[PDB]
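Reviewing the structure listed below.
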Amino acid sequence: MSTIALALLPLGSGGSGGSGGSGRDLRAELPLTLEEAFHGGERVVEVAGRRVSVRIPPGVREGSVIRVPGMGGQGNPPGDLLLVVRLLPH
């Protein structure tokens, strides 16, 4: 159950929700451990000083995007955060 750390990519890199207007999207890549890919429980993500434990699906595999609202668009209009799971091919 190795701990993971998110990327928090600035808007671009071939990643854009856009549609929503009031709801600023932000993309972020979680490199996940295969133990957690199997279990599918809460995994503690430490990134940018923020500790957010997300319940990933049992059997979660490469390219699965966990859209968590209120973690992307900060300030006043709550926006979503696109968590792209990144598993090793082996």
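Going left to right, the sequence shown walks through residues 94 to 183 as the entry's author numbering numbers them.
Every residue gets a Cβ at the ideal spot worked out from N, C-alpha and C, and that includes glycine.
Among the options, the one whose alpha carbon lies nearest that of residue i
i	options	result
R120	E135, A130 and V161	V161
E122	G110, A130 and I97	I97
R154	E135, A130 and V145	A130
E135	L127, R148, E128 and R144	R148
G152	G113, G105, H183 and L127	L127
Environment of residue i [buried if 16+ CB atoms lie within 10 Å]
i	result
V137	exposed
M164	buried
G107	exposed
Which of helix, strand or coil DSSP assigns to residue i
i	result
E155	coil
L127	helix
Whole-angstrom distance between residue j and residue i, CA atom to CA atom
i	j	result
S95	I159	19 Å
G116	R179	25 Å
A100	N169	23 Å
Strand pairing of residue i, partner residues [DSSP]
i	result
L174	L119 and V161
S146	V137
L102	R120
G114	Its beta-bridge partners do not exist; DSSP assigns none.
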